[PDB]
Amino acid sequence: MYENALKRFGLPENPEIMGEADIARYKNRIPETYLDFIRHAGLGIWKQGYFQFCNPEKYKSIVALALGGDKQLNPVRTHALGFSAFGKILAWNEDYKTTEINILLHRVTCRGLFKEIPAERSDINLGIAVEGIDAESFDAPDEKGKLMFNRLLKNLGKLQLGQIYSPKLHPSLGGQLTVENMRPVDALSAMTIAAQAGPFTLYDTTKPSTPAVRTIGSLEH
């Protein structure tokens, strides 16, 4: 299932081991082809920090905070698998499959909430998501629309496993979305703050309109 991703990205660098007890915890909750991939490759870094895999057990509080009280994307059934260099989480929802939690911009996106996915496509669905972690959508534009990853790699250095690039002064307080205001930080700590600093908006990326649907943890109006 991961032949293509491995061809394009090589071995996950500096992997952390995911233990068998942890992998046992997710039997029938995360597709086995993905878990076996992790059993072999561990939890490491691709593209010099553009994406990294994480232990869902270690980041479940972030899912709990961001998705707290949602009826459709229930945190108890949503598992953080990895994240971009800016903290955008690739997660697996047991009912609606691949989920993205954009921590920086406070957005959530789910394709299976809005177009139905047959349950026998789960393994393939997660496999497609993992092949895609190099899309530009996982970069992050500054205020002038210009992508930030390459400049941040050069000027701040490579992320260590368990860090992300995060704004020092958050935009919602007057901070700038520019490379100068970005710093490498502990991901779990930073995400713990961000996921409690206001609500998240769920978006429908099935339509070309990409319309805002509702606030996470609340009902649609």
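In this text, residue numbers run from 1 along the sequence as written.
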What stretch has the higher average Cα B-factor here, 114-122 or 99-107? 114-122
When the C-alpha temperature factors are averaged for each of 143-151 and 82-90, which stretch ends up with the higher value in the entry? 143-151
Scanning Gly69, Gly49, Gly175, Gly162 for peak Cα temperature factor in the entry gives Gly69
If you rank the chain by CA B-factor, which third does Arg29 end up in: lowest, middle or highest? highest
Entry-reported Cα temperature factor of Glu57, expressed as the chain third it lands in: highest
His170 - Cα temperature factor, lowest/middle/highest third of chain: highest
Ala135, C-alpha B-factor rank within chain (lowest, middle or highest third): middle
Binned into thirds over the chain's modelled residues, the C-alpha B-factor of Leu11 lands in the lowest
